[PDB]
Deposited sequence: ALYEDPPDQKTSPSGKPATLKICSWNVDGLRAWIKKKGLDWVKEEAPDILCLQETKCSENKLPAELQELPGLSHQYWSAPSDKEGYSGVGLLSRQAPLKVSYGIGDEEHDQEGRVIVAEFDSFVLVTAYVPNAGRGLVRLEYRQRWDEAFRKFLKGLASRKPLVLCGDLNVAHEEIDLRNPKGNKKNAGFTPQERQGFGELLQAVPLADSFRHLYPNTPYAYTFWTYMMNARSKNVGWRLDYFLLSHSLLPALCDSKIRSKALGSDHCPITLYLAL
């Protein structure tokens, strides 16, 4: 029914110790999440890189409590220009990245930050949700294709880490209501197969499902309504996708189901790099 996350495995299969803690989190409103003690939690988790989705906040209004994070001093923020209080992503890092990109060619959306580091390439994404009653599904389908082709061009260089709200639960084990949902945004057969296409084209592996293939009831999102988080009626929408190149460095990929602050919970990735 409910889930208790395994302990942090901080050594790789080869016996090497992890040297890179990456944490992603859909804050569903960066200003609210901050007031609900999110920064205090990030400080305790002490990641080398923090990725944030659905900031819903222009760079104008970015709270200066963020400047109070010196272990994540290098901060980059993407924001849609048309609609305020919509979408937005952010990347905070201990080290400065070498190259910093935004979007995937077709630009205005504030969904994708791409950061090249010394050994790898990190992408954060707040993938468009199909919408209640599938109003945006046919857009998400073109998004899935675009994201894929853009990403396969980046994996021609360094290995890839892709994290963020991917707004799709892959298999039935990834949600608690598989059968009452396959006509609802996040578990339709188009979205489900587009995520497999993603794993195939680039290619990539689901870090968490690699190490925990049978583990059910492990969700990263619960609707606010109907005390669903109390009942672990949730979904796994937040992912750490890894280049195959990188799996021998994969120490562990976590779900921080107990950190409050948003409708989504944090995830954390360890790489022995």
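So, counting the deposited sequence from position 1, which segments are absent from the coordinates? No C-alpha for residues 108 to 110, nothing else.
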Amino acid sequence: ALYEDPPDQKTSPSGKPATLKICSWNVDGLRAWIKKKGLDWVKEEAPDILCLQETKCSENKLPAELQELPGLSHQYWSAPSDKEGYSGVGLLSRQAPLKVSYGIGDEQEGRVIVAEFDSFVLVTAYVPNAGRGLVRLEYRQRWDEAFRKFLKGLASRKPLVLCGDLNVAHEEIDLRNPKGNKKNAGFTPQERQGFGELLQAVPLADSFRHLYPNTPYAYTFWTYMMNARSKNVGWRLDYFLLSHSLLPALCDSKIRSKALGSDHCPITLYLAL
From here on, numbers count along this sequence of modelled residues.
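Of the other entries that cover residues on both sides, do at least a third skip residue 99? In none of the comparable entries (those modelling both sides of it) is residue 99 left without coordinates.
Tell me whether residue 83 is absent from the model in at least one third of the other entries compared, counting only those where the residues either side are present. Yes, residue 83 lacks coordinates in at least a third of the other compared entries.
Highest mean C-alpha temperature factor of the two stretches 3 to 11 and 263 to 271, which is it? Stretch with the greater average CA B-factor: 3 to 11.
43 to 51 versus 222 to 230: which one carries the higher mean Cα B factor per the record? 222 to 230 has the higher mean C-alpha B-factor.
Looking at the C-alpha B-factor values in the deposited entry, which of 153, 196, 103, 90 comes out highest? Each of 153, 196, 103, 90 was compared by C-alpha B-factor; the highest is 153.
Identity of residue with top Cα B-factor, from 37, 210, 236, 56: It is 37.
Which third, lowest, middle or highest, does the C-alpha temperature factor of residue 186 belong to within its own chain? CA B-factor rank for residue 186: middle third.
Chain-relative CA temperature factor third for residue 130: For residue 130, whose C-alpha B-factor we compare with every modelled residue in the chain, the answer is the middle third.
Looking at the C-alpha B-factor of residue 110, is it in the lowest, middle or highest third of its chain? Residue 110: CA B-factor falls in the middle third of its chain.
Would you check the entry's CA temperature factor for residue 78 and let me know if it's in the chain's lowest, middle or highest third? Middle third by C-alpha B-factor.
Lowest, middle or highest third: where is residue 27 by C-alpha B factor in its chain? Lowest third - that is where residue 27 ends up once the chain's C-alpha B-factors are sorted.
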